[PDB]
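Below you'll find the structure I mean.
First chain written, first letter: the chains are A, B, C, D and E, and each begins at residue 1.
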Amino acid sequence: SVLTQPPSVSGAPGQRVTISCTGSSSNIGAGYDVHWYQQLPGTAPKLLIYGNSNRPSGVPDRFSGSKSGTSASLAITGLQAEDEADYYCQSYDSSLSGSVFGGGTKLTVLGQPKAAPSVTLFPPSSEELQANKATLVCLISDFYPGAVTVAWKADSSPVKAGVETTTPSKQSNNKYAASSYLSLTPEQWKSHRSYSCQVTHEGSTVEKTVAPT
Amino acid sequence: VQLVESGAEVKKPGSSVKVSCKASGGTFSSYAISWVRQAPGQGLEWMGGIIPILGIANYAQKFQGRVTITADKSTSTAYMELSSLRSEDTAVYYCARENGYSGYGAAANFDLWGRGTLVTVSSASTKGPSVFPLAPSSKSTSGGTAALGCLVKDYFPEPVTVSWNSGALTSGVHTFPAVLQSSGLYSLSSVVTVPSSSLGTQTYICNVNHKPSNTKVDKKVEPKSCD
Amino acid sequence: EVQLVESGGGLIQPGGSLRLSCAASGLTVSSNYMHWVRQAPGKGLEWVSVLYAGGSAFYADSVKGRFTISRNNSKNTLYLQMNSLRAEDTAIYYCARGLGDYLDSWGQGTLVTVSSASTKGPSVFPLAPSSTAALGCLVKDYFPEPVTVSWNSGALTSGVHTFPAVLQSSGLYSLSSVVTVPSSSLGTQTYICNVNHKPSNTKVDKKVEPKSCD
Amino acid sequence: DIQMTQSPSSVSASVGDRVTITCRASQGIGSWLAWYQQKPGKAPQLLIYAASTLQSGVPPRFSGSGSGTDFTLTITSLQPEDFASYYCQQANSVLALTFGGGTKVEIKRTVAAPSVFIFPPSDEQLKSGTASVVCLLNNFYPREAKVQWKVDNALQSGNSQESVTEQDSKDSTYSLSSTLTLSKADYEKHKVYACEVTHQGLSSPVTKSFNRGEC
Amino acid sequence: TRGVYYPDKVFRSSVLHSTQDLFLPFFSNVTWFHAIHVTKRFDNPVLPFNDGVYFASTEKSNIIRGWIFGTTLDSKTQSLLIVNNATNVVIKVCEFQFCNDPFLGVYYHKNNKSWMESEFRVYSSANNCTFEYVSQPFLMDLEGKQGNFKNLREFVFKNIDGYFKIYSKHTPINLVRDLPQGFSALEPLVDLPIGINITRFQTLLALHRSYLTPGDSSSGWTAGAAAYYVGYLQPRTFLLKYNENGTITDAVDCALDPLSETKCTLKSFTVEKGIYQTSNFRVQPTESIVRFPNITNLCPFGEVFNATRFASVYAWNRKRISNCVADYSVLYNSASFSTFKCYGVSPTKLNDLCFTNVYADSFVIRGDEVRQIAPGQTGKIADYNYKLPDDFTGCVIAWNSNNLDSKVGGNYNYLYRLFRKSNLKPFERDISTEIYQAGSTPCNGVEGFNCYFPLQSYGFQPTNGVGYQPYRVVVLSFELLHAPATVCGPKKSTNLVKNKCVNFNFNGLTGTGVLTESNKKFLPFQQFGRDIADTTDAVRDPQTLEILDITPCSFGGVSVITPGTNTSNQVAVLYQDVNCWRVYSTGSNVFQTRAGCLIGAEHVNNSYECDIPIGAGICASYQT
């Protein structure tokens, strides 16, 4: 990942996006060429452009590349829904005495109708109290992957232990859903009066409070 | 042709791993075979490459003399034997097929790749999962729909196929992934949408199958009586 | 599944030019290393020249000059041309492919002979047996190689010891032939040896008698 | 720069014996030697390559093991068909070959005796102007046999050329003959001509001497 | 025709050499200093020391005792003191508090006829001293003479790199008041490493006191008869003649007259009748300056030459070195390399010139293949693995690596190409793993008959010979394009001087020219420009980013007509590209012809036969 790549780039369905991969003079600035690879999120990477001018079989004509001086370019004619992948530049390194890849770039072209986050709160059933543990699930649905900050409180002090953030999974209707867990004990479960889960999204805050007793 | 690798491997912090990359539809011929790893959140590295027609390996500077790569030419299968595993090494591994050419560049390009071998490090051993049922309350059932499901805890491996009524339910089912914890434990969730009119005539059960643990627990779910 | 055919060898005068033709079969002369290994008669093998897959050739120190190799891709035939030759250049020449340091596909051998003499008939002189016994005829001052010796028109085949030709100081070969015969049949059977060779087309039938009085 | 020398030249072994033929090099060469088997009257063929491997089609009897200087061509079982010469070959960085000496393997035979047969020149050769007198050697083994000529009880050097025939396929019998060339003027000057031999099979040397005046 | 010394200590016999150093101009207007009692002209002024002073002294009573060299002469800077009193020759280097009028006192007694030095008033005190030299004692005459001048002393002083050089030679003369004309080559006497900056110097004389000079110490003294002259040293080109004895007997000038410059170009003391190019208006250089980019980073030569691993022969690594300064002496003096045969470059000139970029190629190969790296070679390496062009710039570096690249067994970690159907292009590297074929039938990647891998392993056993040992090879490929250079050798950087004929050193090239401001606009990726005559006339000067046009000090193209050295010294000078200011001198009898302007020759209305060709039908002759 010595070869410099942007952390993330933005594209639109119909415009041109140029990605620059500039490295050191020992590997990129030398006579060695570049090799572009496309890695789908869930599929092994494959060779995209080799030799900086040729295209292997199965590669669409929209993908083009060039090299000038100490830089490499990846020109794509249009962006499709299947173009959401990480692109890497690979070149031979004289100092490292081996082939190395680039840092990678993120190309995300997507958009969803994000709405207000609808939250539901769930406490352990009576039979969870005999397991010497207490978990608190804060189920959240119909939201966006952005602004998934989760906060916990007991009406007197915020909780800073046992909190976590889970990466949401894609649904079948272009939606993302996740959940958060809070590890506690049955000894202190009955001490507090109420528990709530705080979710903040684009300034819209919703509060749900349950009563164990 | 195509390259076939092994399945997922789980090891210990300080054990030895041994994966294979078989070839289907044809041998490696005389092209050199390389090995490329890929970590989540990072780029792709290069441990080394093998020439199968001579059995000669060329390593990298970052990987010292603790990993040896061997490739049998008769069976057309390469190996990636590595020792002294570390918890950082939680990446997948691909076997790359180089394709040289003639020119001023002479940069090796990986034409054919593998399918990936997820190697993970976990000090915790295999234990028995425990499942408890969840039912909605009176206040949660404001409308005609209800939310309920089963959650899996103490399960070491995140991947666990969860089926509703042995696959009889396909609408409204959602699968949630695991998350890292303080002790390295994993936990998932699962919730379904059902009408309130079917809560007194049809029961819901969860069937969880754990292939490495050789266990299968059948548990019933009942609505709450106090609320 | 390999085969090599050599042609063009023969007799040439010293300080002359001779062109060889090395025909290949089963392989291409312009894609692998081609070697020219020459072995002297009665001596070991010796390297002379090599031809690479490209347009590069190397020759030994003794044959650095007056030597040229020019392969032809039209007929897949290897050619070797020497504008000048010396008296030490008479030997058997072999063209053979080599997979680097070692050779794998050899072939036949042409005979190149250099001499200032010409064709000359063989002078046959009998050897009188001393009074088992040995009898034969001596071939002296004949050129070139080879000649054949037959006894009683091929009837006698036991005890025949035909010595190989040896080059004398005058440049003309010599040969001796002897046959073991018993002393009881010296005065009964008559032994005549036939010497002939196609370069001169000379056939002489001389009988050999026991030693007589002075 | 490189002079390949082979220690053995003519070794005799039975069928159940190892010749142990070795080659030497001036400079160290690491496993880049090849061996050949050139039959008399036949083209040479490769036997081993890279001093450790074996060429396809070669019977699995010729082996070799040499790291940098001392190579070998030991054969576990000796067959009558592989009775030929051997050479050690090594190439330079450029393709300049350096073939070594020749080593011949011969079948063992009885020592017997070098039977001497004198032969005065005939009277037909008198008119030719050149006089040639030879003495014959037959059924002798090994090749160690002196053919030195004695004329008038004096040593003669540089006047005879040796001629040795090949081994027969019947009983492997050797034969030797030397031809002495002299002018007719020098033929009448001398009176005593003979050749003497020395061999292991003879307790004492045997010499046959004749005179120009005989009947 | 005076002041000529030996510029170098190299012995030359029957050869003529032209040098460039601080010499005395010929027929210069030297300053005259007189001191006659009669009157009372005791002149010891302070005059500058620009680049060197030629001293000519006519002495008869030894009135000059020493000289003072320094900068301020007020005990603030280091000063050089030389003196010759009645006893010794004392040379000391201290910070003296010099008086306004230093002198030496000699007293004469009427009762007994004897002269002895009495007063020594040169400096007040000396605190810190660095160099001191005292000669052997001797007795001097110091007796006044009623005759004319008899002894002539000539001194030449130079201060180059802190070294003080004194050249002296004594020649007897017999004159009254004149400069004795003649040739007397000065010999080296003593080199003093003072290492001080000298700007002004003052002459020191002696005082004579007796009963005939009444008064106090400031007025009761006489001066006697004395005379001395001072000539400056100007950097000019000269030609010197060395005979078998090794002493210079005569010399010619190259900057005095156009007739003198004919001898400099012809390298002879006799000028025949003909035409010579000479110069139009030649100004001798007075300084030498250098200019290089301000880069001060060291090039990473350690990584290339001390890598932990080396690339294969076929897959040789290529490294580009730029944006630094590279010193070629530390690698040369390592006493470990074994190959230094270079084509197109020189070890002495490697630190002067530079190129656009420097390429480094590293691999391991045997010595018999080390010598095959040269471009004029063929073979398995010199035609299939690495090819160098016939116009390759630079050289490779190889050294013994017996300790590394070898194990207990065979080291099969390095390979090389063996089979190839075509000749490799220069500066091309191939990494092909395809199965090589030789037969007519195609090979589908199998390892059967007539199908072998092109790569062949190398046996690097420790028991191999010297020529078969694996040698680490580093290839340096120098390429010089029209782009500005980003890497150059380690050299100093001086200041910039304008409107003077100076020696300029811009980006490795040196020459003579004048730096002037230019209004031309230059595209960024081009550094140097040339005129129609393919002469360099523009520099970029990346330090100041200002374009300076090289102005020739003298374009030449001036005809000089000489009737003959044996006949007369008068010559005729004809200017071709000048229409009748750019002349050596206006002179008289200026005539303008079609071929050019002729000066120094009288034009007549007659028409005789042509003696020497002039041009455009004009002819000249030497008549009465």
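Everything below uses one rule, namely that a residue touches a chain if its C-beta (ideal position, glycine included) is under 8 Å from a C-beta of that chain, and two chains touch if they have at least 3 such contacts.
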Quiz item: Which chain wins if you rank chains by how close their C-alpha centre is to the centre of all protein C-alpha atoms?
Solution: E
Quiz item: Which pair, A-B or B-E, has more C-beta contacts?
Solution: A-B
Quiz item: Cα centroid separation between chain A and chain E, in whole Å?
Solution: 69
Quiz prompt | Separation of mean Cα positions, chain D and chain A [Å, integer] | solution = 86
Practice problem: Could you please state the distance in Å, as a whole number, between where the Cα atoms of chain D are centred and where those of chain E are centred? | Solution: 77
Practice problem: For chain C, write out the residues touching at least two other chains, lowest number first. | Solution: 52, 58, 100
Self-check item: Touching two or more other chains - residue numbers and ranges from chain B
Solution: 58, 61, 101, 103-104, 106, 108
Quiz item: What residues in chain D touch two or more of the other chains?
Solution: 32, 94-95
Practice problem: Note which residues of chain E are touching chain C in the complex, please. | Solution: 378-380, 383-384, 418-423, 437-440, 449-450, 452, 456
Exercise. Within their complex, state which residues of chain D touch chain C.
Key: 32, 34, 36, 38, 43-46, 49-50, 55, 87, 89-91, 94-102, 117-122, 124-125, 128, 130, 132, 134, 136, 138, 161-166, 175, 177, 179, 181, 208, 210, 213-215
Quiz prompt | For the chain C and chain E complex, residues of the former touching the latter | solution = 1, 26-28, 30-32, 52-56, 58, 97, 99-100
Self-check item: Residues of chain E that touch chain D when the two form their complex
Solution: 366, 368-369, 372, 379-381, 410, 459-461, 463-468
Practice problem: Spell out the residues on chain B that touch chain A in their complex, using ranges where they run on. | Solution: 34, 36, 38, 42-46, 48, 58-61, 94, 99, 101, 103-111, 113-116, 130, 132-135, 140, 147, 151, 153, 174-182, 187, 189, 191, 224
